[PDB]
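So the structure is just underneath, and the comments pick up after that.
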Amino acid sequence: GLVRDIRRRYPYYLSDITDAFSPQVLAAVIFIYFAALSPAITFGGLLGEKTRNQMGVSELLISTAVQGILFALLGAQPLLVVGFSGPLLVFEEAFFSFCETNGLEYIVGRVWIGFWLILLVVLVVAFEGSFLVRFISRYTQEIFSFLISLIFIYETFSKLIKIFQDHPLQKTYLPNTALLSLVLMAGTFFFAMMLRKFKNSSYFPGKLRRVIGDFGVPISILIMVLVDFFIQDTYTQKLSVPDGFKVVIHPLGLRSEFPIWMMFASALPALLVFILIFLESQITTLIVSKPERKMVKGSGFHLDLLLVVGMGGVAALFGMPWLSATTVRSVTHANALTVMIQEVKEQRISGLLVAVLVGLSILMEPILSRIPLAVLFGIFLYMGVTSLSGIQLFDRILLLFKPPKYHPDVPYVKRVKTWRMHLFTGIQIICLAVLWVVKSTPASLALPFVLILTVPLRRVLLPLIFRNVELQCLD
Amino acid sequence: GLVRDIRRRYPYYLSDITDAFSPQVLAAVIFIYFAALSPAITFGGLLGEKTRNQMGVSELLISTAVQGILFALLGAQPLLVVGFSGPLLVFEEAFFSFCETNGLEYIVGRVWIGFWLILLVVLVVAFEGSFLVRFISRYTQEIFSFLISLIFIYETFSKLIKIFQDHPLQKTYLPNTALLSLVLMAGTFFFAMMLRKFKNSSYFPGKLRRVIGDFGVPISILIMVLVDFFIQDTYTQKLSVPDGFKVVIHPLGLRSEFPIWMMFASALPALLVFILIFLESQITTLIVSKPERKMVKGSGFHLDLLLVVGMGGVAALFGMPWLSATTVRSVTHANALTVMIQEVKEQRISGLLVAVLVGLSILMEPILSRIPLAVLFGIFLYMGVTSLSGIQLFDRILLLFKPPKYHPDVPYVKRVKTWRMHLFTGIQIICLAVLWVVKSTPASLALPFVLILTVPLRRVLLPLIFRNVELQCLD
Amino acid sequence: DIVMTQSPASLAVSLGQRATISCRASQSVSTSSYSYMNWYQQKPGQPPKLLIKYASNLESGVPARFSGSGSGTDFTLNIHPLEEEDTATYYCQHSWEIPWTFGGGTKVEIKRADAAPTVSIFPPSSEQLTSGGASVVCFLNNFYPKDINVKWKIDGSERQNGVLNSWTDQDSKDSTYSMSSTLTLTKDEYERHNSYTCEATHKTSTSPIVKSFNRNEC
Amino acid sequence: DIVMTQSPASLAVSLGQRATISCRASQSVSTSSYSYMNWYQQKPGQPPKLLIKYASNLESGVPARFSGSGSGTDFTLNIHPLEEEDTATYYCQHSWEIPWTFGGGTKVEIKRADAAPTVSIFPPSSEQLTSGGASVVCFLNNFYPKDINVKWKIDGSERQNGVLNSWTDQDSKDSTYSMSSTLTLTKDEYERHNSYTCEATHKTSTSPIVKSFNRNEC
Amino acid sequence: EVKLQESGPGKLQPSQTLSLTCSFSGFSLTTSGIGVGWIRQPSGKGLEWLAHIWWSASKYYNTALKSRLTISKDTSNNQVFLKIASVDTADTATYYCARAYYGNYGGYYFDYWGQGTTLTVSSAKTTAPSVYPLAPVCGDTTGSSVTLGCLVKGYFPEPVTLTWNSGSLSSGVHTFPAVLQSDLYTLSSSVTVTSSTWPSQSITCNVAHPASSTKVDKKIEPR
Amino acid sequence: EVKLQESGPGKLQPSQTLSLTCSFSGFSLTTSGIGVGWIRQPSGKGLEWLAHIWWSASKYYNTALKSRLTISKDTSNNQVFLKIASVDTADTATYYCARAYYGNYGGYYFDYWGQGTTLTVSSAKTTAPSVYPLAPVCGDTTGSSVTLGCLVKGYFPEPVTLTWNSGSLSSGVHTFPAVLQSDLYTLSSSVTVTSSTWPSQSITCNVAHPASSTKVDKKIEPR
Ligand SMILES: *[C@H](S)Nc1ccc(CCc2ccc(N[C@@H](*)S)cc2S(=O)(=O)O)c(S(=O)(=O)O)c1
Ligand SMILES: *[C@H](S)Nc1ccc(CCc2ccc(N[C@H](*)S)cc2S(=O)(=O)O)c(S(=O)(=O)O)c1
């Protein structure tokens, strides 16, 4: 049943190498390269500390690079960018702690989770899994990506204020660095924004203005980097890449003798992972390829599940991390790569390049070493607010704080609901809350359930509230 | 002949006390209170250091306050705010150095300059002085207030970078403050800008929005002051008011025996001072009361010259500094105090209150001690770019960097001059250059001549270039 | 699998003084926040006992004169003030990954005045000779430090083959060591040669301490 | 107008040591960038000479052993290493406003080895006697310290009336003092008595140094 | 009361299969985070981890030894077992039952140790010791004190015990640890008295061995 | 060559008007930043500024004294003058003419000082000094060096100047500060040479008194 997508995309494929020789592409490549590498690093490191180096940075780096290349080439949606996520980290920590408490060879049990992933996928793909996806509405996607965007921004700030804690303002004896970290971040963000506006505002002529504005993010990064460079007497946290790659697994154990019952029972945690990657990647593909963006060509759901989670299983076999398709990352890789609404450029080469680059970041270490974190905190914050764009839910949350004097494209939606729209948006908000407290616990792994639990249940108890014309125009 | 103005304004006068009970008024009062006090402090201090405390802070405070109150009450233009200026300082320094070189009692020779000022004023006023003013075109005013605004902005930035020099980023042993000053300034500015935009943008309802946005500046100030307050471990330069007022002069001397020849010859420097105050105040009243702003009522040229420079002479007699009418300060007091274009509220009470307030700042010391300079640096920068608004010359400088695709209200000016406009504006720029190099020297006291030398000469050698239709539409 | 190298192999430390033992890892063994190095004490004839977990955290009941430190690849055990009962072998082991491995151990011994061995030689008993064997025994008693050379000389020439030695453990009363050489020949070969010598060379003196006899002579 | 208070009033300091003088102002006398305090040196019988302008700026030609410092209301002159010729009165003055005023001055004196006075007595000149006056003079030269007792003895019994003394200022080369007693009588009374003595008692010796003559005798 | 006990066969024939058993109390194996296993110490050497097993039945084995090791457990009877196949003379050691606790910060350390068991592997025939009396060199220039000696050679397996006059002579005795040479042990003892004591008073060497059930008394007489 | 030269009346009756003159060279009083004036030092005291005048003809006066003071100038003949009205005995002092300099950083300091001129305010009458040569005691057993003396009594007012051989004999000189007794001054001088020098070489006391206008030499000859 997957074939439909292959057939869809393969003709576009041999056009998508030619489609890529624009400058906006290049700019995008640099952008998304940082956008992918910074979390690959940070998540890698945490992943290592949590598992006492059994599953480490270089594993994640390799996995992301390779998987990235593969999906870039063979994917139904080469705009998707594949990487590690917060959820996946939570599960690795969980499964590692469990495994070791009960003294199971962690990396092996992992391999078995992998075998189960490959199986589950072959099933769901071979039997129309994405069918269910077609029952995922806007009311979902928006709660989701607004939650994500919001969490993202929040996290970014959290990092900054952490720097402030590590080095508080005081006298003696550490100092003078918190502030500059902040300034650096702020400045980079401000510049990104400015250049965006420059790209869309009147001043300057043609290609000069459009290209300068297309290289907005890389230009910001460069400038701020030079600022830190020339400030030589004060410490700044910078990107740290391992000096060189360091660390097939045998399904029966390496230092065990891996228990057989457990190599059955790994079906369960693999179910959970499959659910995680599935929900995320599918919803992301939904948001990226929505009708509202001009890209309504060369995109498919089926190939991506098989690919992404297939990669996942295999990687697990090689003691690699499995990956899903990221929301924020994919979206900003799409916007990159977007003309203003106007057609978006669809490459295999943009992704291919960020992948390869992440791969060689090991070598690039001397470069990457000069790039202060704070700068990428700025780019992050920018990504956060940029991501907040196409969300109707966001638009409406805003609209609540706006006087009722201002109206939408659609007179129906506000006029029918001068108070009621605020209620619908209000249920959105309350869901947002629920998911935000669920996700707040180490019970957070429950989330992908809660998200469905909330939405397609709500999305049936909602017609209790308003009607097939009323609610209909809200998505 | 001055009577025309008294007759103009005195009926409006008994109406201008009732005109003042608005909130925008109050916000304006706070804003302009700081905008007037900060240069009173700083300039007072400089004035003290230069004259080795013979003409100090508290003197300038008293003068500014009293003169402020008086002119506020009796003025033809109560929007004008009277205060010390840079030129006046340059001259105080000059005349002090000279006087003491030649062993003249500085404060006495000062008094004689004052008498001469009183005389010159009585003459120029009783005999149609402002006549000459009607020959001061836009081509003047714009070069002038753009030069000023530019210098102002520049100066603010110089203060900040001075703080950076006093406390450079380094390790040990002073530290952590330069950055925080920067931050405070940046923040204050940003908030001012935001609140302004908020006042004019859709969000929030009615009086709440308009009032919150009218108090943009004071709200900004408050916020950032609280930020500095809660940051208790790092030093920040704050507003310093003398604890209490400290220090009629006998025109024949106090420690001399003041030479009779010099008490004649003080006529020349009194000429230079009169030319300074005249040029400034007059061009300033011109720009404040220009037709483009809705205020086309209750304003006069003659009364103000007499009042301002008269006060000046008297002040000189009491060991006080003479004052002129400031450009930037007055402009921003007008905008305060301005509705959007929409009518501007014309008070005697705004000025009266900022004056009295300036007077009582001595008492206010504990409050003002909590207000970090950096914050007011932000506010300054804001005043700088706000001051840049109604200047066509600015509009055009901008218009040069803009593609020729965009047009003005008047098709004539750009169409007849797609290249030539840039040339006219270019002459503006080269004038700006000249005046900026003249003013750059301690030869700068020559400027008010150069400013005329440049413009009404240019404004005759200009009809050599284009015609009475062409040039006519540029002012 | 991680390799751990302890040093010194042997440590002699005066009473109430400080003993310091080190343990290097073949790779790091510590996270950003914890170090996974353990220390054990084994007194002779007992199982090991846990002293230190997490490099520096004292196990319940362990005396405060024990303290641990280190991180990364480098770890250190300290005993201060050293007491008589602390004489023991000390082992480090990591808990970074399976297989857990141990260091090779450090013997902490009490340091005393350099003492000379009392050396005694013994021809074969006649009872042993009756049965066709011949053992020449040499006792090197109550010396310090424990390192000592023993050389056998037969008619001047040194003989090394057929010898076997055995060391006493440090005396719990006088902190000396003793040791025992036994040269075994056949009755035949014993009878072929005349002079038998054991030479004890030791730090205590430049001149070897030597004892001799002549076969069937007196 | 500004008042200036110098201290100490007097300072005695060993050769090659440091003399430090302070001058307080009744109000501040400095800007953010300059201090308007001047230092002068006045050796005895000479006009003041400018040493320091602007608190710390040595006037051209002034020795580098002189240095000035201070700010606000508090100012300091240093002389190191102190030399013999530096024995002098030192003055500060402000240039903050008219009237310019001076501090009261500090006399810097050299501390030296206790040296004995060289004592010489001189009967009246015959030229003075011709006119009816009679002065007996006594020179007590090159002694230290400057405090010294002079006793006049007429026929064994001391005289105190008609005497007047005068001290030399500390010698800028050898740091000694000298002094001059002059006893004045009428010719008549001078002639009534026979022996005239001047006695110099001084810390340097327990025994007074004494010189004598008998009138009209040799 | 955390109690570990470790039974073995005492001695074994090389090429044979060793089965060690460890019984415990004061803790269940059913508990998560707890593991039970074996570490061995060869005579006068350090420690070698062999294997461990958790309630999971997951079991970690020492590399190189992996192939010869099999660990199992009887939870309901508080026991774990280690089997070593085709045992050789290098497996002579003291085996320790050890429990490993799962640390609060992850990882494991060994909580409680058994007293140990001891295993000897050899193809050697049980043999009684020869006891030889060692008096001083004939004609020796005797000093203030004299050293007597007693040699115990040619025996197997350990343990042999030797006293002087049957414990009554305890001071100044140095009995040296046994040494194996060609599947036979050699042990000796030194004793020092004052020259006035010997040969005046008689000193007897007592040597006793179990595996041969032989008790010797050799008086020390002059040559 | 910057020079300042004070001249005054030497002495003055109480209630009368003092007129002081300062002549200068090496600079012009036309030059901007330069002022010329007067500072006085009472006997055995510090310094008191009186007045100064600049090319502007602006003139600064010491408060309290202002009323009795008048300063003027003759620029074209390099002179400045000070007048003090109704003079009293508290005006007895040395009057210094000093040049004021306008400092590079503003303010003023006193650049060059004249040698000063001594003024005495007294009702008493002017009297010339008697100069007495003081040779050693008759019959003294001369040593390695000899001390000569010169006594100057009975004069008024201060100052008196004394030299030995008119400056040519400078070393080993002690000239003592004058002392007042009943409206008359007494001054003396000691000089030491080597016995070989005197009476071999001629030594002569030179004493000069302005107020009486006498120049006196007195050779020192043996008694
Ligand atoms: C810098 S790149 N470091 C980052 C730290 C933390 C996060 C995400 C934290 C997070 C994100 C998403 C979710 N679940 C919904 S999909 C959970 C979490 S959690 O709090 O750790 O549990 C990021 S990033 O936003 O994922 O990129 C980066
Ligand atoms: C802080 S509020 N203190 C200020 C310092 C300096 C300035 C401006 C300096 C200045 C202004 C005007 C002129 N003449 C032309 S109108 C010359 C100068 S100069 O650089 O010193 O030579 C200010 S402010 O801009 O006047 O407010 C404030």
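To match Swiss-Prot, the residue numbers of chain B are left as they are there, and the shown ones run 381-553, 567-640, 649-741, 753-887.
The deposited model was determined using X-ray crystallography, 3.5 Å.
Every residue, even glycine, has its Cβ placed from backbone N, Cα and C.
Copied over from Swiss-Prot, here are the features:
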| type | residues | note |
| --- | --- | --- |
| TRANSMEM | B:404-427 | transmembrane segment |
| TOPO_DOM | B:428-435 | topological domain 'Extracellular' |
| TRANSMEM | B:436-456 | transmembrane segment |
| TRANSMEM | B:460-476 | transmembrane segment |
| TOPO_DOM | B:477-485 | topological domain 'Extracellular' |
| TRANSMEM | B:486-506 | transmembrane segment |
| TOPO_DOM | B:507-518 | topological domain 'Cytoplasmic' |
| TRANSMEM | B:519-541 | transmembrane segment |
| TRANSMEM | B:571-591 | transmembrane segment |
| TOPO_DOM | B:592-602 | topological domain 'Cytoplasmic' |
| TRANSMEM | B:603-623 | transmembrane segment |
| TRANSMEM | B:664-684 | transmembrane segment |
| TOPO_DOM | B:685-700 | topological domain 'Cytoplasmic' |
| TRANSMEM | B:701-719 | transmembrane segment |
| TRANSMEM | B:720-737 | transmembrane segment |
| TRANSMEM | B:761-781 | transmembrane segment |
| TRANSMEM | B:782-800 | transmembrane segment |
| TOPO_DOM | B:801-838 | topological domain 'Cytoplasmic' |
| LIPID | B:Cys843 | S-palmitoyl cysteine |
Sequence-distant neighbours of B:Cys843 (S-palmitoyl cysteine) in its chain (C-beta under 8 A, six or more apart): B:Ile523, B:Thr866, B:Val867, B:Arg870
Chain residues outside the transmembrane segment (B:720-737) and at least six past its termini with a C-beta under 8 angstroms from it: 404, 407-408, 411-412, 415-416, 419, 427, 435, 439-440, 442-444, 446-447, 459-465, 468, 472, 487, 490, 494, 497, 524-525, 528-529, 532, 640, 650, 674, 677-678, 681-682, 684-686, 688-689, 694, 696, 705, 709-710, 712-714, 756, 762-763, 766, 795-796, 798-799, 801
Between the transmembrane segment (B:436-456) and the transmembrane segment (B:701-719), are there at least three Cβ pairs closer than 8 Å, leaving out pairs fewer than 6 positions apart? yes
Distance bridged by 8 unmodelled residues (Cα of B:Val640 to Cα of B:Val649, Å): 13
The transmembrane segment (B:460-476) versus listed stretches B:404-427, B:486-506, B:519-541, B:571-591, B:782-800: most Cβ pairs under 8 Å: B:404-427
Which one, B:486-506, B:571-591, B:782-800, has the most C-beta pairs under 8 Å toward the transmembrane segment (B:664-684)? B:486-506
Highest-contact recorded stretch vs the transmembrane segment (B:404-427), from B:486-506, B:519-541, B:603-623, B:761-781, B:782-800, CB pairs under 8 Å: B:761-781
So what's near the transmembrane segment (B:761-781) in sequence-distant terms, Cβ-Cβ under 8 Å and 6+ beyond its ends? 396-397, 400, 405, 408-409, 412-413, 416-417, 420, 438, 441-442, 444-449, 451-453, 455, 458-461, 631-638, 734, 737-738
According to DSSP, how is the topological domain 'Cytoplasmic' (B:507-518) divided among helix, strand and coil residues? 5 helix, 0 strand, 7 coil
What DSSP reports for the topological domain 'Extracellular' (B:428-435) is 3 helix, 0 strand, 5 coil
The transmembrane segment (B:486-506) in contact with the transmembrane segment (B:603-623), cutoff 8 A, at least 3 CB pairs, sep 6+: no
Folded-back contacts onto the transmembrane segment (B:701-719), same chain, C-beta under 8 angstroms, at least six residues removed: 381-382, 384-386, 388-389, 443, 446-447, 450-451, 454-457, 460, 462, 490-491, 493-495, 497-498, 500-502, 504-505, 509-510, 513, 649-650, 652, 674-675, 678-679, 682-683, 686, 725-726
Can you tell me how the residues of the topological domain 'Cytoplasmic' (B:685-700) break down into helix, strand and coil by DSSP? 5 helix, 0 strand, 11 coil
Contacting positions for the topological domain 'Cytoplasmic' (B:685-700) when only residues 6+ beyond its ends and CB under 8 Å are counted: 388-389, 392, 396, 456-457, 459-460, 513, 516, 521, 524-525, 726-728, 731-732, 735, 739-740, 753-756, 758, 802
Near the topological domain 'Cytoplasmic' (B:507-518) in space but 6 or more residues beyond its ends, with Cβ under 8 Å, are 381, 679, 683-684, 687, 702-703, 706, 804, 867-868, 871, 886-887
Need the DSSP three-state call for the residue listed as 'S-palmitoyl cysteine' to compare against my parser. helix
What parts of the chain pack near the topological domain 'Cytoplasmic' (B:592-602), using Cβ distances under 8 Å and only residues at least 6 beyond its ends? 609, 741
Residues sitting near the topological domain 'Extracellular' (B:428-435): Cβ under 8 Å, six or more positions beyond its termini, same chain? 469, 472-473, 476, 486-487, 490, 720, 722
Restricting to the same chain and to residues at least six past its boundaries, which positions have a Cβ under 8 Å from a Cβ of the topological domain 'Cytoplasmic' (B:801-838)? 518, 522-523, 525-526, 529, 688, 691, 693-694, 736, 877-878, 882-883, 885-887
List, by number or range, the same-chain residues at least 6 past the topological domain 'Extracellular' (B:477-485) whose CB is under 8 A from its CB atoms? 654-657, 659-660, 663
Would you mind working out the Cα-to-Cα span from B:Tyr553 to B:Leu567? 13 residues missing in between, answer in Å, no decimals. 8
Under DSSP, the topological domain 'Extracellular' (B:477-485) has how many residues in helix, strand and coil? 5 helix, 0 strand, 4 coil
Where 11 intervening residues lack coordinates, what is the integer distance in angstrom between the Cα of B:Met741 and that of B:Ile753? 4
